[PDB]
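Before any comments, here is the structure.
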Amino acid sequence: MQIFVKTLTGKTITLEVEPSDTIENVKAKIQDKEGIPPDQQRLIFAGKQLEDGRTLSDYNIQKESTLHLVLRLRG
Amino acid sequence: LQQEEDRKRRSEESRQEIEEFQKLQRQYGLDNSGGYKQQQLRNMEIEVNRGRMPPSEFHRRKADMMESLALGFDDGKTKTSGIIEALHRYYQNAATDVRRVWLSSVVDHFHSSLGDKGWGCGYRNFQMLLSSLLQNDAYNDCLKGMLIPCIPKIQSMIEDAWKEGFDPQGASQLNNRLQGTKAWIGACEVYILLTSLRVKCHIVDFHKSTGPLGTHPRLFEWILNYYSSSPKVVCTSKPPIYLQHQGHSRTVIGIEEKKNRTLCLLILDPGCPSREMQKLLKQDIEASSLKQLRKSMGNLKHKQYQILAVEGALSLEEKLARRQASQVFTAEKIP
């Protein structure tokens, strides 16, 4: 299925994923497209930071859902 | 028929996405809704509207603020001096559970004002670190007696580093603009800022916990190695350490080796108000007052910490080498 990943500057990419994909796998797919190492990625959906060992199905991600991608370590 | 159902689903996903996007942009300071000047004035206007501040002084604090912004200088209203010296006296004189303690050089504490409260931590930790460099003769040439810059000036100086060519990826993450924003920053911005001033520094990325129960012993040991090298209390020449975790940053000004051989960091927080730091300047500190500064491994359980440590000065050639290195921005990783 297709989901979107959107940075806080509005840069948006599309990913091909399955519900069984882990968040770790999703970060790898983001690295495949954008070259951003997974350690620099924090994914947010429904106000919660997604955990690496969980799957997209654990979060009710569905077709055309948008994950928000926070980059690097800031505060 | 499902076409309608698909529309309903996409329409709800969109409302959800738009709502969360605006929330996150605001939190991280990237929604381009103004900056320090606006928040100071808006928050002073609230104090007037709440009958807690006469409109005359508002006119005065606004006038002061505008002068400081024009000069680029921090007005010192959130500055507390003397903490290292007070800690020296305490560890020297008071009965403690410390075998040895290593302190940074003199460091001024800076907390956020009404203008940057909620988002200024990275900038305020830069001010604390800079205050140590500015009293250290080793940095006199590359810092030529500059003053502590105000937050908007720090933002301008980070932009200047981006314009020089530092860290284009990080620049793009922050819309290539910090002035007039409330943008959160990190060690990467502080790094290019200091490097652009010919200050030699580096980031160490403690990207996962290294000890039981989610602790970071490698981080504590790194800091011990930074500060240590005979007396019970050692007030070193060394600058403090910028300490980043997700959402907030602080400044490490020392480390205790307890009598039981465990390690305890001494950490300043730009969220601490003046009245709390003043407690440490009272004749004969209260050991209970020192607890807020003391952080053992149990107190540092964020998943990832980055430190930024300063090591001296750079030649122009070395600065330019580091500018180029910053195009593919990496840091030493531990483990």
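Numbering of chain B is taken from Swiss-Prot, so the residues present carry the numbers 240-468, 473-578, in order.
Cβ atoms are placed via backbone N, Cα and C, with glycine included.
Residues or ranges marked as active site, nucleophile in Swiss-Prot: B:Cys360. Annotation source Swiss-Prot lists active site, proton acceptor at B:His491, citing a curator's inference. Residues or ranges marked as active site by Swiss-Prot on the basis of similarity to another entry: B:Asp512. For B:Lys262, the entry in Swiss-Prot reads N6-acetyllysine, with the evidence type a large-scale study or a structure entry. The region 'zUBD/ZHA' annotation in Swiss-Prot covers B:249-274.
The structure, with features from Swiss-Prot marked on it.
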| residue | record | CB count, 10 Å |
| --- | --- | --- |
| B:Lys262 | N6-acetyllysine | 14 |
| B:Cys360 | active site, nucleophile | 25 |
| B:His491 | active site, proton acceptor | 17 |
| B:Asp512 | active site | 20 |
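On the backbone, the CA of the residue listed as 'active site, nucleophile' and the CA of the residue listed as 'active site, proton acceptor' stand 7 Å apart. Those active-site residues from B:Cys360, B:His491, B:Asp512 lying by chain A, with Cβ under 8 Å from one of its Cβ atoms, are B:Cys360, B:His491. Taking DSSP states H, G and I as helix and E and B as strand, the region 'zUBD/ZHA' (B:249-274) has 19 helix, 0 strand, 7 coil. Residues B:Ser468 and B:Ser473 bracket an unmodelled region of 4 residues, and their Cα atoms lie at a distance of 9 Å. In the three-state DSSP assignment, the secondary structure recorded for the residue listed as 'active site, proton acceptor' is strand. A distance of 18 Å separates the Cα atom of B:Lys262 (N6-acetyllysine) from that of the residue listed as 'active site, proton acceptor'.
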